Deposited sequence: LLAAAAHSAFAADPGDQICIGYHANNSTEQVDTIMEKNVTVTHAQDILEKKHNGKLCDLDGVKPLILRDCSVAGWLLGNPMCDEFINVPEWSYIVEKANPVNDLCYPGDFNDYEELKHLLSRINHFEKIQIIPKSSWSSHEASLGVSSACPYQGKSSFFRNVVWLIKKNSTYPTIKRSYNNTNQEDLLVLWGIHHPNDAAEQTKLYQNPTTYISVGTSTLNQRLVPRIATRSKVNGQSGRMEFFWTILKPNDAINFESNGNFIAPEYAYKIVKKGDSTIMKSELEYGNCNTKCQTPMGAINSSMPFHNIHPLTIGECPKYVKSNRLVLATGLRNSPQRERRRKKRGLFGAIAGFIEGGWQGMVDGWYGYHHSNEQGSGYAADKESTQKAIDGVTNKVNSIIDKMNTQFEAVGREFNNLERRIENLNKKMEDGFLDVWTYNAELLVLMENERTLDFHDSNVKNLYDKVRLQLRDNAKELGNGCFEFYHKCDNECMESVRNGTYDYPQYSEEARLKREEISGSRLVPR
């Protein structure tokens, strides 16, 4: 009238955070953690502390050959990736084609050292015209002009003597060398420009064995020209020489490029500002600080990135199902201001709440380990995802699409089910911890107290604050009170 009491119960709070499990939707929970990265900085950034190469309105081709309308950032000796606009304004001012263009973009995606040099001075042309090779297709300061890295040689007096030029690569580094051939409209143009009606370009290294022959066709005007310019490149290994021989139609090197190459990346299509940030993952829509194992921003990423996933939310339960003084069978305790599982007692020293420190620590460590495993076990490797295939490589681009789509389907499904399965395991862990605590107490107390059916025991003997602590400590001395208990019990 009335006896001393101890109750088992769990934490509750005012949280509205919701989570899904394999079996229940929209379960309200004490605390939750999102493992899906959804936030980008809306900028292009250095990658592992190396600037990109941003081509505002130029193609790689335009930029390499010196399309004179390409007003770009000139000096820039290394880069981690390249940014082009989808359809750049300035490409090949004089219409034509670039041989093995996509393989060269890929080779240039990421460069350790890049230094333009002069291999063949424009002034070294004594027996040909080095300053007439100019077109209204390639305008400079209003006047007709041409690509600035490469010379369109014309006949002098009425003569085009055979050209022979060797360049020996006396640098420490590989050289990227560029040249071209002119395909004219007809035999009149051919001889008006080069005198000789039948011409060739021959090029040789230790590797290269090339003979080019001009092609006449009747072609549509592009930039008001029916002619075409076709461009070619090689890498001249550090102790080799390249030997040019031509009769006509030769678009000669002036400037070449020293390059040092240490692994690849790709070409990103984006309209964004550079932003002086560093990052380990870049996206066409912005960079990411990538602690999380999953993201949903954009597929075409470069760096060490979370796995890309078709998903709005991946939320893990970390806390509990959120819902005298009755115990656990009736719901949670707002009064349990601290701890996850514990007690409410009432004796003659008064009443209150006490956390089970041991079982609460066990559980917080467990849930923290669960979240850290799901994050830390993720293998995260460098990759560069772009669209590097032209419109006669559609079968290979389709091969690339099945693979990308395949990994998206696998990661999306596996992340969704992983969250649903582990959410259900977590909520069931909390049920199992509460029920184990009740049994911890039931087994210590035996007949020295009575189960009230609501999560509480009423004692058959005076249990002061020290007896209470022994119960919470698992050190309750049953023999020391069996006598007193038995007397009140028999009655």
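If you line the structure up with the deposited chain, the stretches without a C-alpha atom are 1-12, 336-349, 518-526.
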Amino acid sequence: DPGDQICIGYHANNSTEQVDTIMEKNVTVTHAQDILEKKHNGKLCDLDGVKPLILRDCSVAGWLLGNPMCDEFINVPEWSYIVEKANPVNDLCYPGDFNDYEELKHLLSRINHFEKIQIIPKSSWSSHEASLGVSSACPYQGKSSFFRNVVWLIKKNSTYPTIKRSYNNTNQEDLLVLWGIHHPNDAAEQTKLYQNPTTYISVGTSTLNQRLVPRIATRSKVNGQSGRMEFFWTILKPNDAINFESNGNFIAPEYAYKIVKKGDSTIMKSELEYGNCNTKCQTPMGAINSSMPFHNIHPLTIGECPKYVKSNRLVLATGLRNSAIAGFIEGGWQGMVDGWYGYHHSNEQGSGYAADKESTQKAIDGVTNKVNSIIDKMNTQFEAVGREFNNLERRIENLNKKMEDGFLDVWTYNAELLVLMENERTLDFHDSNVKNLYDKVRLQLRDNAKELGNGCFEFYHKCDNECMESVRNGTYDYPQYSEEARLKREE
From here on, numbers count along this sequence of modelled residues.
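As recorded in the PDB entry, 84-92 is the stretch of 84-92 and 103-111 with the greater mean C-alpha temperature factor. Per the PDB record, of the two stretches 66-74 and 435-443, 66-74 carries the greater mean B-factor over its C-alpha atoms. Between the residues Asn249, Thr234, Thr198, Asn239, it is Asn239 that shows the highest Cα B-factor in the PDB record. Taking the PDB entry at face value, the top CA B factor among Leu212, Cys277, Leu153, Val371 belongs to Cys277. Among all modelled residues in this chain, the alpha-carbon of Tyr167 has a temperature factor (C-alpha) in the middle third. Ranked by C-alpha B-factor against the other modelled residues of its chain, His40 falls in the highest third. Among the modelled residues of its chain, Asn465 has a C-alpha B-factor that falls in the highest third, as given in the PDB entry. Sorting the modelled residues of the chain by their CA temperature factor places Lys310 in the middle third. Sort the chain's modelled residues by C-alpha temperature factor and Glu424 lands in the lowest third, per the entry.
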